[PDB]
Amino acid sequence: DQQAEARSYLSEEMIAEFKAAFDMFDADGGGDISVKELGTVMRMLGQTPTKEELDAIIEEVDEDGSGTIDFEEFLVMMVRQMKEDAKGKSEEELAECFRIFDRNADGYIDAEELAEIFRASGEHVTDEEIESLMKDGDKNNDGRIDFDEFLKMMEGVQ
């Protein structure tokens, strides 16, 4: 149900990598893994919950208590954790970056405005790069990105 959201919130290459690790600890080959393997799988993909937090998670996902979790369950949870653990800029400071980024002040940052950004940087951002940044950032697909969408994209970024 509230899964597709979690799916949406994650990029294509992320869900592609998450699987990889998941499948890795899936001998049963039933798109299933033991809750005693969660902590370690979550470690492979950046997350570092404390054993007490991993216990909380196990209680949430596996409520009925079978000792395993599927991939859609993995997703939904991984995303919540990623969010919880977040440690990026606040709303105030992130909104100021936004207005720096919105040249015409239409309430969006568009493809063109995007590449206008890395120009100030000494880096070389490929056309696709710009397109992928907007791709994951674009959630209603309006072709651009508004503040609220800019928040998610900036979630816990340093």
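In case it trips you up, residue 1 is the first one in the sequence shown, and so on.
Per-stretch averaging of Cα B factors for 24-32 and 103-111 places 24-32 on top. Mean CA temperature factor is higher for 124-132 when stretches 35-43 and 124-132 are set side by side in the entry.
Among the modelled residues of its chain, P49 has a C-alpha B-factor that falls in the lowest third according to the deposited record. Annotation for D55: CA B-factor lies in the lowest third of the chain's modelled residues. Residue-level temperature factors show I145 in the lowest third of its chain, judged at the C-alpha atom. In this PDB entry, the Cα temperature factor of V157 sits in the bottom third of its chain's modelled residues, the lowest group.
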